[PDB]
Amino acid sequence: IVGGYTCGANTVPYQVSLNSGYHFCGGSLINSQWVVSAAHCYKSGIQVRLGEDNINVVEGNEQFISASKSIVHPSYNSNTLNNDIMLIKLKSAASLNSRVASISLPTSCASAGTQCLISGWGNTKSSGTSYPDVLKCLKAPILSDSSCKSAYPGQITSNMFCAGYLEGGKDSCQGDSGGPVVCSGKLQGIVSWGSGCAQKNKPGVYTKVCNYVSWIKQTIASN
Ligand SMILES: [Ca+2]
Numbered sequence: 010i011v012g013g014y015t016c017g018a019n020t021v022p023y024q025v026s027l028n029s030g031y032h033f034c035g036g037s038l039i040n041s042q043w044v045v046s047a048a049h050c051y052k053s054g055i056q057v058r059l060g061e062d063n064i065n066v067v068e069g070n071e072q073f074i075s076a077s078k079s080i081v082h083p084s085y086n087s088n089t090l091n092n093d094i095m096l097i098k099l100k101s102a103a104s105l106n107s108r109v110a111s112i113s114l115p116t117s118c119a120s121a122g123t124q125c126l127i128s129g130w131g132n133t134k135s136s137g138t139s140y141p142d143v144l145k146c147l148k149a150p151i152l153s154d155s156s157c158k159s160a161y162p163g164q165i166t167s168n169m170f171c172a173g174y175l176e177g178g179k180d181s182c183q184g185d186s187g188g189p190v191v192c193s194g195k196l197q198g199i200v201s202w203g204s205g206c207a208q209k210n211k212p213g214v215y216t217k218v219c220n221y222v223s224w225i226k227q228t229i230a231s232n
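Here the sequence shown is numbered in our numbering, starting from 10 and rising by one per residue.
Below, the structure is given as structure tokens:
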């Protein structure tokens, strides 16, 4: 997260880190046994880390649980990042409490101008690289589909939305991928892509979660 703030330990209780010996992506806990992330985050051998603040120090609220299975969206296109969504099942249910908690799926698609909370352990620099050890947070509005398409001609599908600031300075970044965009207490986006981070006229592009609620619910019900 570029141009964000330190969230505070366990203030984003649905935020998970995906670990394969190291943090590589974020995710969102949507019930005691399932995580939503970005399909471009797929790999084998995932350990889900819940209850994290400092991802390099054991602070006392962690739960580390290996994934039993991953399900990439059946229409994921890695070239276009259309349908950049995957589900990860935990081998055992997490223990839920105020510091480790699921986030609800949306009932409604959020609109342009709605304020959302974007969070992650990704790069905090637009130029060069600095990884934080603690969770970073950013409040950002959803942008109009017209401003989104104008920023990224030929690239924005009906399964994407832009959020952030056309002026630059404030954005998600590398290492935030798969993490949450939460608006009015519901998971509306997944950190997906952007051209660099926090560059002018290159806002963040997010998977549009409201399009996937039927697929998520049906997939969980049978797996
Ligand atoms: Ca920790």
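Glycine is no exception: its CB is placed at the ideal position from the N, C-alpha and C atoms.
Since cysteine 146 is in the beta strand (DSSP E), which residue starts that stretch and which ends it? 145-150
Identify every residue that forms a DSSP beta bridge with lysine 98. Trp43, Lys78
Any heavy atom of ligand 1 closer than 8 Å to the CB of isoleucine 64? yes
Is it buried or exposed for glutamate 176, if we count other Cβ within 10 angstroms and need 16 for buried? exposed
For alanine 172, the three-state DSSP class (helix, strand or coil): strand
Can the beta-carbon of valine 21 be found less than 9 Å from the beta-carbon of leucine 59? no
Can you tell me which of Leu147, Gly173, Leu144 puts its alpha carbon nearest to the alpha carbon of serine 156? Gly173
Evaluate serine 46 with the Cβ neighbour count: other Cβ atoms within 10 Å of its Cβ, from every protein chain shown; 16 or more gives buried, anything less gives exposed. buried
Please determine, among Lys145, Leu196, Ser77, the residue with the shortest C-alpha to C-alpha distance to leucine 114. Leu196
Three-state secondary structure (DSSP) at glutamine 227? helix
Please indicate yes or no: does the CB of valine 109 lie closer than 8 Å to some heavy atom of ligand 1? no
Count the other CB atoms, across all protein chains shown, that sit within 10 Å of the CB of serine 128; report buried if there are 16 or more and exposed otherwise. buried
Beta-carbon proximity check, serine 201 vs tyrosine 215, cutoff 9 Å: yes
What are the boundary residues of the beta strand (DSSP E) that includes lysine 195? 195-202
Take the Cβ of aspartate 62 as the centre, count every other Cβ of all protein chains shown within 10 Å, and call the residue buried at 16 or more, exposed below. buried
From this set, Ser193, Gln227, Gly187, which residue's C-alpha is nearest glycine 36's C-alpha? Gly187
Cβ of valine 67 versus every heavy atom of ligand 1: is any distance shorter than 8 Å? yes
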